[PDB]
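Participant:
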Amino acid sequence: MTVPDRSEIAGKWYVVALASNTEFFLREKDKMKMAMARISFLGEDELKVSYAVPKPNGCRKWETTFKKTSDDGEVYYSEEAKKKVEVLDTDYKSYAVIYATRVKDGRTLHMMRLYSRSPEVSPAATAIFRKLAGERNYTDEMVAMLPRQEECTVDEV
(Lines of atoms letter the chains of each structure in order from A and count residues from 1; the text may use other names and numbers.)
(Lines give C-alpha, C1' and ligand atoms only; values in the text may rest on other atoms or scores of the structure.)
Protein backbone atom coordinates (compact mmCIF):
# COMPACT_ATOMS: atom_id res chain seq x y z
CA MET A 1 0.00 0.00 0.00
CA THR A 2 1.23 3.47 -0.94
CA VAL A 3 -0.42 4.65 -4.16
CA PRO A 4 -3.30 3.41 -6.40
CA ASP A 5 -2.28 1.46 -9.49
CA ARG A 6 -3.98 -1.11 -11.72
CA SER A 7 -0.59 -2.64 -12.49
CA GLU A 8 -0.60 -3.98 -8.92
CA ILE A 9 -2.91 -6.74 -10.14
CA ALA A 10 -1.41 -6.93 -13.63
CA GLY A 11 1.77 -9.00 -13.77
CA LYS A 12 3.07 -12.54 -13.28
CA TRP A 13 1.04 -15.11 -11.35
CA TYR A 14 2.52 -18.43 -10.18
CA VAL A 15 0.07 -21.25 -9.46
CA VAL A 16 1.53 -23.80 -7.04
CA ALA A 17 -0.90 -24.08 -4.12
CA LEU A 18 -4.24 -25.83 -4.66
CA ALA A 19 -7.15 -27.08 -2.51
CA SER A 20 -10.09 -29.23 -3.64
CA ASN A 21 -12.81 -31.77 -2.91
CA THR A 22 -14.00 -34.30 -5.49
CA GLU A 23 -14.80 -38.01 -5.72
CA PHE A 24 -12.59 -38.10 -8.81
CA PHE A 25 -9.76 -36.61 -6.71
CA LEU A 26 -7.88 -39.88 -7.16
CA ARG A 27 -7.99 -39.55 -10.95
CA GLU A 28 -6.94 -35.90 -10.66
CA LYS A 29 -3.53 -37.04 -9.37
CA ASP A 30 -2.11 -37.65 -12.85
CA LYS A 31 -3.33 -34.31 -14.24
CA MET A 32 -1.28 -32.63 -11.50
CA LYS A 33 1.58 -30.52 -12.92
CA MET A 34 3.54 -27.33 -12.22
CA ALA A 35 1.54 -24.21 -13.06
CA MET A 36 2.45 -20.68 -14.11
CA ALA A 37 0.13 -17.78 -14.94
CA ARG A 38 -0.06 -14.17 -16.10
CA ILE A 39 -2.92 -11.73 -15.51
CA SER A 40 -3.90 -8.93 -17.90
CA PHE A 41 -7.01 -6.78 -18.46
CA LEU A 42 -8.66 -7.40 -21.84
CA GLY A 43 -9.72 -4.11 -23.42
CA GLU A 44 -13.25 -5.35 -24.14
CA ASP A 45 -15.02 -5.45 -20.79
CA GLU A 46 -13.13 -8.63 -19.85
CA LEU A 47 -10.15 -9.60 -17.71
CA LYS A 48 -8.02 -12.65 -18.55
CA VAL A 49 -5.23 -14.66 -16.95
CA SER A 50 -3.18 -17.16 -18.95
CA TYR A 51 -1.58 -20.10 -17.18
CA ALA A 52 1.13 -22.38 -18.55
CA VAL A 53 1.43 -25.71 -16.76
CA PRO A 54 4.82 -27.39 -17.50
CA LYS A 55 5.78 -31.02 -16.87
CA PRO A 56 8.01 -32.36 -19.71
CA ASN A 57 9.64 -35.00 -17.51
CA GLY A 58 6.27 -36.65 -17.00
CA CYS A 59 3.69 -35.55 -19.57
CA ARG A 60 4.09 -32.16 -21.28
CA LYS A 61 2.83 -28.58 -20.77
CA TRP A 62 -0.53 -26.82 -21.15
CA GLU A 63 -1.68 -23.23 -21.58
CA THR A 64 -5.16 -21.72 -21.35
CA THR A 65 -6.62 -18.21 -21.19
CA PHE A 66 -9.58 -17.74 -18.84
CA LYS A 67 -11.51 -14.46 -18.86
CA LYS A 68 -14.84 -12.82 -18.06
CA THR A 69 -15.74 -10.19 -15.40
CA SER A 70 -14.00 -8.91 -12.23
CA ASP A 71 -15.08 -7.16 -9.00
CA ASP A 72 -13.57 -3.97 -7.52
CA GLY A 73 -11.96 -3.48 -4.10
CA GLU A 74 -10.15 -6.79 -4.49
CA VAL A 75 -10.27 -9.27 -7.39
CA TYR A 76 -13.13 -11.70 -8.02
CA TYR A 77 -13.93 -12.85 -11.53
CA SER A 78 -17.06 -14.67 -12.61
CA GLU A 79 -17.14 -17.06 -15.57
CA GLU A 80 -20.51 -18.82 -15.73
CA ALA A 81 -21.45 -21.58 -13.27
CA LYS A 82 -18.97 -23.89 -14.99
CA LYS A 83 -16.22 -21.45 -14.04
CA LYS A 84 -16.33 -19.29 -10.92
CA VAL A 85 -13.25 -18.12 -9.05
CA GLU A 86 -12.24 -15.25 -6.73
CA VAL A 87 -8.80 -13.68 -6.30
CA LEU A 88 -8.23 -12.89 -2.61
CA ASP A 89 -5.23 -12.59 -0.23
CA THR A 90 -2.98 -9.80 -1.61
CA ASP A 91 -2.66 -9.65 -5.40
CA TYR A 92 -1.29 -6.11 -4.96
CA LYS A 93 2.33 -6.54 -3.82
CA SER A 94 3.56 -10.15 -4.27
CA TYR A 95 1.26 -12.91 -2.98
CA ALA A 96 -2.33 -13.82 -3.82
CA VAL A 97 -4.61 -16.79 -3.30
CA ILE A 98 -7.63 -17.62 -5.41
CA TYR A 99 -10.39 -20.18 -4.82
CA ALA A 100 -12.11 -21.78 -7.82
CA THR A 101 -15.57 -23.35 -7.96
CA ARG A 102 -16.86 -25.27 -10.97
CA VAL A 103 -20.54 -25.80 -11.81
CA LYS A 104 -21.70 -27.61 -14.94
CA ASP A 105 -24.31 -30.19 -15.98
CA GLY A 106 -25.49 -30.15 -12.38
CA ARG A 107 -22.11 -30.97 -10.85
CA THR A 108 -20.33 -29.19 -8.01
CA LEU A 109 -16.60 -29.46 -7.34
CA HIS A 110 -14.29 -27.31 -5.24
CA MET A 111 -10.72 -26.34 -6.16
CA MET A 112 -8.42 -23.59 -4.87
CA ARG A 113 -5.55 -21.95 -6.73
CA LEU A 114 -2.70 -19.83 -5.37
CA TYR A 115 -0.92 -17.29 -7.57
CA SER A 116 2.45 -16.10 -6.28
CA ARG A 117 4.45 -13.25 -7.84
CA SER A 118 7.73 -14.67 -6.54
CA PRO A 119 8.79 -18.13 -5.23
CA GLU A 120 9.38 -16.58 -1.80
CA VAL A 121 5.71 -16.72 -0.76
CA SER A 122 5.06 -14.73 2.42
CA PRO A 123 3.82 -16.67 5.50
CA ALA A 124 0.54 -14.76 5.25
CA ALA A 125 -0.19 -15.89 1.71
CA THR A 126 0.25 -19.55 2.65
CA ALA A 127 -0.90 -19.29 6.27
CA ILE A 128 -3.82 -16.96 5.60
CA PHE A 129 -4.83 -19.16 2.67
CA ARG A 130 -4.72 -22.22 4.92
CA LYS A 131 -6.22 -20.26 7.81
CA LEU A 132 -8.88 -18.83 5.51
CA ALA A 133 -9.43 -22.32 4.12
CA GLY A 134 -10.59 -23.40 7.55
CA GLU A 135 -12.96 -20.46 7.90
CA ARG A 136 -14.65 -21.72 4.74
CA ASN A 137 -14.87 -25.29 6.01
CA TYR A 138 -11.41 -26.79 6.63
CA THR A 139 -7.96 -27.41 5.13
CA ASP A 140 -7.33 -31.15 4.58
CA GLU A 141 -11.05 -31.50 3.85
CA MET A 142 -10.24 -29.27 0.88
CA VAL A 143 -6.46 -29.49 0.39
CA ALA A 144 -4.02 -29.90 -2.51
CA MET A 145 -0.28 -29.27 -3.01
CA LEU A 146 1.93 -28.69 -6.05
CA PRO A 147 2.84 -32.12 -7.50
CA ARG A 148 6.35 -33.35 -6.69
CA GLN A 149 6.72 -37.14 -7.00
CA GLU A 150 7.22 -39.79 -9.75
CA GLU A 151 6.03 -38.56 -13.14
CA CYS A 152 2.88 -36.37 -13.20
CA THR A 153 1.84 -36.97 -9.58
CA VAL A 154 1.73 -35.17 -6.22
CA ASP A 155 3.97 -36.26 -3.35
CA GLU A 156 2.33 -38.78 -1.01
CA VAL A 157 3.37 -41.72 1.15
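Be aware that the sequence shown starts at 1, since it is given in the deposited numbering, and climbs by one per residue.
We put the CB at the ideal spot given by N, CA and C, even for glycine.
#1: Tell me which residues share the same chain as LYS82 and place their Cβ nearer than 7 angstroms to its Cβ, disregarding the 5 neighbours each side in the sequence.
#2: Who are the near neighbours of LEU146 in its chain, counting only those whose CB is closer than 6 angstroms to its CB and skipping five residues on each side?
#3: Within this structure, are the beta carbons of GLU141 and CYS59 separated by less than 8 angstroms?
#4: From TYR95 to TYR14, what does the alpha carbon distance come to, in whole angstroms?
#5: DSSP has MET111 in a bridge; who is on the other side?
#6: Quick one, which of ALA144, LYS93, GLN149 has its alpha-carbon nearest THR22's?
#7: With burial defined as no fewer than 16 other Cβ atoms inside 10 Å of the residue's Cβ, what is the status of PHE129: buried or exposed?
#8: From which residue to which residue does the beta strand (DSSP E) around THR65 run?
#9: Taking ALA100 and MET111 to be in contact with their CB atoms under 8 angstroms, please state how far apart those CB atoms are, rounded to whole angstroms.
#10: CA-CA distance, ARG113 and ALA52?
#11: Helix, strand or coil for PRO119, going by three-state DSSP, please let me know.
#12: In chain order, what residues of the same chain have a beta carbon less than 6 angstroms from the beta carbon of residue 208, not counting five sequence neighbours either side?
#13: In the DSSP assignment, the alpha helix (DSSP H) including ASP30 goes from what residue to what residue?
#14: Suppose contacts are defined by Cβ-Cβ distances below 8 angstroms. Is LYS55 in contact with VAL154 by that definition?
Facilitator: A quick look at the data gives this:
#1: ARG102, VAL103, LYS104
#2: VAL16
#3: no
#4: 9 angstroms
#5: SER20, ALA100
#6: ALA144
#7: buried
#8: 60-70
#9: 5 angstroms
#10: 14 angstroms
#11: coil
#12: For the chain, the structure presents residues 1 to 157; residue 208 sits outside this window and is missing.
#13: 28-31
#14: no
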